[PDB]
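Reckoned from all heavy atoms, side chains included, excluding hydrogens, waters and symmetry mates. Just so we're on the same page: letters track the sequence lines, and every chain starts at 1.
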Protein chains: 2
Amino acid sequence: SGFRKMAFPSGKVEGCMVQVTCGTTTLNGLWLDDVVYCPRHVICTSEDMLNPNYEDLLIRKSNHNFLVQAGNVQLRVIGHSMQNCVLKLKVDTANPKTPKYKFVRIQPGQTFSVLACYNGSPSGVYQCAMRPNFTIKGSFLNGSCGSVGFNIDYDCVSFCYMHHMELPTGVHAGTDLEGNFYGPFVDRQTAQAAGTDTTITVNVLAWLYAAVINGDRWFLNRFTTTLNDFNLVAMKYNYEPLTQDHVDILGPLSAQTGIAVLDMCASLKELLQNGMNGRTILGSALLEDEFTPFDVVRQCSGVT
Amino acid sequence: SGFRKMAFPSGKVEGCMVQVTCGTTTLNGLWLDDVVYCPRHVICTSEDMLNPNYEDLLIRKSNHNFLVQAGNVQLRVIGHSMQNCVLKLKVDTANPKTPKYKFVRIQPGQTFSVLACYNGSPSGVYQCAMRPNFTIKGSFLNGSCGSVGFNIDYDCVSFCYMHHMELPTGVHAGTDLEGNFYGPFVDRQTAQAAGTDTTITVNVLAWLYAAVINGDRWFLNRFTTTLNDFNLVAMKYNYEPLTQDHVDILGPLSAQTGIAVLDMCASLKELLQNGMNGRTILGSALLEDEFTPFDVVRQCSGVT
Ligand SMILES: *CCC(=O)N(c1cc(C(C)(C)C)[nH]n1)[C@@H](C(=O)Nc1c(C)cccc1CC)c1cccnc1
Ligand SMILES: *CCC(=O)N(c1cc(C(C)(C)C)[nH]n1)[C@@H](C(=O)Nc1c(C)cccc1CC)c1cccnc1
């Protein structure tokens with residue numbers, strides 16, 4: 001028992017982290033096969049971050065201007081191209097540590113692990129969720145760009161995120177591995193405000209199920225509700241509307257605990273209206289929303 | 001910016017996880033050089049867990065009874081010995097992935113990362129702290145025994161914990177890599193109750209510093225206090241007494257923020273007496289105590 005904010009083992013991703021330097025800018029790159037992926041803003045100086053014309057800036061760069069270093073050894077750049085907001089640097093050597101991988105574009109509410117890196121070296125791993133406003137609440141400092149978000153299914157790494165920037169409000173924005181930003185963010189130092197950071201309702205319910213499975217049952221009540229009645233309460237509290245798809249996704253947790261999804265919804269409804277009253281659930285004093293129903297099943301079953 | 005419960009990259013430890021089977025019991029082992037470390041209770045059947053005589057149980061086991069499997073290949077056991085509550089299985093092959101390592105016995109309040117494993121395969125990584133009552137609040141299921149806790153200093157892994165058991169209250173107990181349990185726990189299925197789980201005061205102050213460094217300053221007040229006055233409040237709230245050693249350890253954070261340690265102590269004192277009033281600090285509704293002052297400095301500086 002015990003429920004923790006658990007990240008995937010980072011080994012397979014550590015073997016892919018490289019350092020990319022273009023001029024005076026140094027950030028992280030992801031080396032898969034003979035291609036190194038990195039944010040295109042590596043070609044930017046501090047000056048042109050305000051209004052960069054990436055295509056124009058790119059014309060002044062040749063293969064030899066991108067310095068790729070894996071560990072203490074240098075990789076030879078034999079080609080370069082810009083795909084949306086990422087640069088793909090073809091190197092002459094396939095990464096011997098390339099795991100089985102896929103590039104996936106995740107939906108908001110989905111969780112992933114981040115391997116925070118600086119100068120191609122990994123410093124930490126934590127679990128995140130793509131917020132409904134397409135930002136991530138990460139822990140990234142200058143030089144962390146190019147650090148990646150991923151999920152692992154047995155031996156296949158699904159890369160879903162690459163860090164590009166910190167918005168003026170301290171939240172983070174990035175792209176999928178095809179270079180498309182999540183949300184409406186752009187790789188420019190401009191006024192970019194995030195939308196409402198709503199709570200991921202399906203994840204809160206999943207975490208309430210995890211709490212029941214681990215012994216924290218005080219919040220269980222004698223009530224039930226309907227999807228529409230629940231959603232009126234969720235709207236008031238800036239919670240994402242709960243759909244029948246979410247109810248279906250919660251099915252296995254509902255089955256294991258014997259607590260119908262709508263009954264857990266009424267427990268959640270009372271927690272929203274009454275608060276925790278100084279109590280805790282799974283060691284937290286607020287309703288945790290960065291565990292999907294799949295994470296609860298996986299953690300509670302011990303999927304390796 | 002952004003502050004996350006961050007674990008060390010788990011790569012170096014993943015390369016050391018092996019499966020150990022003795023009879024019908026299967027748990028995790030740690031393979032360093034030509035020795036595999038694992039909980040001695042691997043020799044136990046479900047029956048003898050109530051009152052095991054490990055020395056006697058061990059006499060019935062030979063080298064060939066311990067099956068060690070690293071990945072899909074079997075390791076040859078050429079020797080076995082019991083050191084306190086761990087078994088050391090000498091194998092004929094040195095682990096080619098053995099990183100630079102040390103075995104350390106940590107003090108309560110110290111934090112570490114855990115690589116949760118099942119059948120020698122890693123499933124997740126999370127950050128923990130050794131509680132002042134010598135338990136850890138982990139996330140471990142049956143088969144997780146032998147999973148390890150560690151810290152990394154650049155390229156040297158300091159192993160500090162090995163999981164052995166879950167107490168009837170859902171908390172976890174284990175040993176250092178010399179087999180000595182943290183706390184008064186024994187590897188027996190008997191009534192073992194944990195002591196008071198006091199809050200790690202120095203870690204809460206470190207986390208308040210991290211909050212100030214990241215922009216959360218609402219809890220800062222116009223007051224100061226003394227170590228003795230603070231400690232009277234800390235005693236009331238089951239917080240660990242704060243010493244001049246802790247004040248010294250908080251020095252770098254105090255210097256970076258310009259907030260004297262005793263002033264942060266008065267902020268903490270008011271947070272204890274008044275509560276959060278429905279507010280949050282670094283996304284948490286309670287005072288976080290599983291970041292040491294060293295973790296705050298490291299995370300905030302980007303040590304790789
Ligand atoms: C890896 C580069 C870097 O550290 N940052 C960065 C990104 C950019 C763009 C994408 C605009 C070219 N410029 N610099 C920062 C960052 O995003 N800095 C920043 C902040 C903190 C607030 C508002 C605007 C900007 C853009 C300059 C960075 C710092 C911490 C975490 N991630 C990225
Ligand atoms: C790896 C073996 C295992 O899963 N567990 C275990 C440990 C033991 C001892 C050390 C007593 C021989 N026996 N079984 C359990 C565990 O500790 N089980 C348990 C629980 C859950 C509560 C009270 C007593 C016991 C001891 C039998 C385990 C389960 C989850 C996490 N860690 C360990």
### Message
Measuring only between side-chain heavy atoms, which start at C-beta, is A:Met264 closer than 4.5 Å to A:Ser254?
### Response
no
### Message
More than 12 heavy atoms of other residues, nucleotides or ligands under 6.0 Å from NZ of B:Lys97: yes or no?
### Response
no
#### Entry: Student check: side-chain heavy atoms of B:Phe66 and B:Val36 closer than 4.5 Å
no
#### Entry: B:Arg105 atom CZ, neighbour heavy-atom count above 12 within 6.0 Å
yes
#### Entry: B:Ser144 side-chain N/O to B:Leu141 backbone N/O, donor-acceptor pair under 3.5 Å
yes
### Query
Considering residues, nucleotides and ligands other than A:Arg279, do more than 12 of their heavy atoms fall under 6.0 Å from its CZ?
yes
### Message
Keeping A:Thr98 on the side-chain end and A:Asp33 on the backbone end, is there a donor-acceptor pair under 3.5 Å?
### Response
yes
### Task
Please test B:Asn51 against B:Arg188 for side chain to side chain contact (heavy atoms under 4.5 Å, CB included), starting from the C-alpha separation and ending with a verdict.
CA-CA 6 Å; B:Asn51 193 20; B:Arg188 181 182 187 220; 3.4 Å; yes
### Query
Of the non-hydrogen atoms in B:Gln299 and A:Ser139, which two are nearest, and what is the gap between them?
OE1-OG, 2.6 Å
### Which atom of B:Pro132 lies closest to which atom of B:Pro108, heavy atoms considered
CA-CB, 3.7 Å
### Message
Any salt bridge linking B:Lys137 with B:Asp197? Criterion: basic side-chain nitrogen under 4.0 Å from a carboxylate oxygen.
### Response
yes
### Summary
salt bridge (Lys or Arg N to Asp or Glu O under 4.0 Å) pairs touching residues 287-304 of chain A, sequence neighbours excluded, are A:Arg131-A:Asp289, A:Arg131-A:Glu290, A:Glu290-B:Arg4, A:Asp295-A:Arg298
### Message
Give me the atom names and distance for the closest heavy-atom approach of B:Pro52 to B:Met49.
### Response
CD-O, 3.4 Å
### Query
Does B:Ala173 offer a backbone N or O that forms a donor-acceptor pair with the side chain of B:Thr135 under 3.5 Å?
no
### A:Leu220: which of A:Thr257, A:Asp263, A:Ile259 passes side-chain contact (heavy atoms from CB on, under 4.5 Å)
A:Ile259
### Query
At their closest point, which heavy atom of A:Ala206 faces which heavy atom of A:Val296, and how far apart are they?
O-CG2, 3.5 Å
### Query
Out of B:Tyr182, B:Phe185, B:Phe140, B:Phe181, which residue meets the ring-ring contact (aromatic ring centres under 6.0 Å, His included) rule with B:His172?
B:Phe140
### Message
Quick check: closest heavy atoms across B:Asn28 and B:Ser147, and the distance to 0.1 Å?
### Response
ND2-OG, 3.7 Å
### Query
Do any N or O atoms from the side chain of B:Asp176 and from the backbone of B:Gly179 form a donor-acceptor pair under 3.5 angstrom?
yes
### Query
Of B:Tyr161, B:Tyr37, B:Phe150, which is the lone residue that meets ring-ring contact (aromatic ring centres under 6.0 Å, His included) with B:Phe103?
B:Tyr37
### Task
Report yes or no: do B:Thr26 and B:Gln19 form a side-chain donor-acceptor pair below 3.5 Å?
no
## Note on the structure
residues 116-129 of chain A vs side chain to side chain donor-acceptor pair (under 3.5 Å), sequence neighbours excluded, gives A:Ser113-A:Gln127
### Query
Stepwise, does the side chain to side chain contact (heavy atoms under 4.5 Å, CB included) test hold for B:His41 with B:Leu27?
CA-CA 9 Å; B:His41 71 246; B:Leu27 47 59; 3.8 Å; yes
### Pair A:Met276-A:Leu271, side chain to side chain contact (heavy atoms under 4.5 Å, CB included): steps then yes or no
CA-CA 6 Å; A:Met276 315 266 294; A:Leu271 285 161; 4.3 Å; yes
### Query
Within the side chain of B:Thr199, is there an N or O that forms a donor-acceptor pair under 3.5 Å with the backbone of B:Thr201?
no
### Message
Pairing donors with acceptors under 3.5 angstrom, does anything connect the side chains of B:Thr175 and B:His164?
### Response
yes
### Task
Might you work through the side chain to side chain contact (heavy atoms under 4.5 Å, CB included) test for B:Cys44 and B:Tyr54, ending with a clear yes or no?
CA-CA 8 Å; B:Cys44 294; B:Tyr54 288 97; 3.3 Å; yes
### Message
Tell me if the centroids of the rings in B:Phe291 and B:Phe3 come within less than 6.0 Å of each other.
### Response
yes
### Query
Any sub-3.5 Å donor-acceptor pair from A:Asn214's side-chain atoms to A:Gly2's backbone N or O?
yes
### Query
Where do A:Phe8 and B:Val125 come nearest, in terms of heavy atoms and distance?
O-CG1, 3.5 Å
### Query
Do other residues, nucleotides or ligands put more than 12 heavy atoms under 6.0 Å from B:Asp153 CG?
no
#### Entry: B:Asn84 side-chain N/O to B:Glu178 backbone N/O, donor-acceptor pair under 3.5 Å
yes
### Task
Without swapping roles, check the side chain of B:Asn151 against the backbone of B:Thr111 for a donor-acceptor pair under 3.5 Å.
yes
### Query
Any side-chain heavy atom of B:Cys38 within less than 4.5 Å of one from B:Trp31?
no
#### Entry: Donor-acceptor pair between B:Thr243 and B:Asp245 side chains, under 3.5 angstrom
no
